[PDB]
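S.K.: Under the deposited numbering, the first residue of the sequence shown is numbered 1, with each subsequent residue one higher. Right, I'll just put the structure down here and ask away after.
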Amino acid sequence: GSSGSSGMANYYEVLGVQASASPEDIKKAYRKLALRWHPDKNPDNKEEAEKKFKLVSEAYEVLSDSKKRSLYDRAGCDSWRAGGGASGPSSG
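Dropping the structure here:
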């Protein structure tokens with residue numbers, strides 16, 4: 001028994017594209033990816049592939065969308081901790 005996992009996986013990485021990528025590239029890439037990381041296509045390891053299948057699909061949407069993509073981007077590398085840049089607290 002053990003607690004669930006957070007993930008710590010970069011959507012862009014999973015798919016294999018850049019942030020400045022087009023909304024068409026990600027789509028075409030995903031589709032093909034799904035089959036590539038497909039469990040049925042991989043006899044040796046079925047489960048291992050399955051997981052990837054869900055990821056390639058999950059991210060595909062996260063980016064495909066404008067809100068999800070922007071939200072994920074604005075966040076940055078780390079998601080748990082946002083405030084991690086140039087220290088300079090100022091109010092007015």
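Beta carbons: idealized from backbone N, C-alpha and C, even for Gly.
Answer yes or no: do residue 28 and residue 39 have a C-beta to C-beta separation smaller than 9 Å?
M.R.: The answer is no: Cβ separation not under 9 Å.
S.K.: Write down the C-beta distance between residue 102 and residue 26 rounded to the nearest angstrom, noting that I regard them as a contact closer than 8 Å.
M.R.: An answer regarding residue 102 cannot be provided, because it is not within the stretch 1 to 92 covered by the chain.
S.K.: Could you name each continuous alpha helix (DSSP H) segment of 4 residues or more that falls completely within the stretch 27 to 71, going from the start of the chain to the end?
M.R.: Runs found: 47 to 64.
S.K.: Excluding sequence positions up to five away, which residues of its chain have a Cβ less than 8 Å from the Cβ of residue 19?
M.R.: Cβ within range, chain order: 12 and 73.
S.K.: Going by beta-carbon coordinates alone, are residue 76 and residue 84 separated by less than 9 Å?
M.R.: Yes. Within cutoff.
S.K.: Residues in the same chain with beta-carbon distance under 8 Å from residue 68, minus the five sequence neighbours each way, listed in chain order, please.
M.R.: Hits under 8 Å: 61 and 62.
S.K.: By alpha-carbon positions, which one of 30, 34 and 51 ends up nearest to residue 5?
M.R.: It is 51 whose Cα lies nearest to the Cα of residue 5.
S.K.: What would DSSP say about residue 75, mapped onto helix, strand or coil?
M.R.: Helix, per DSSP.
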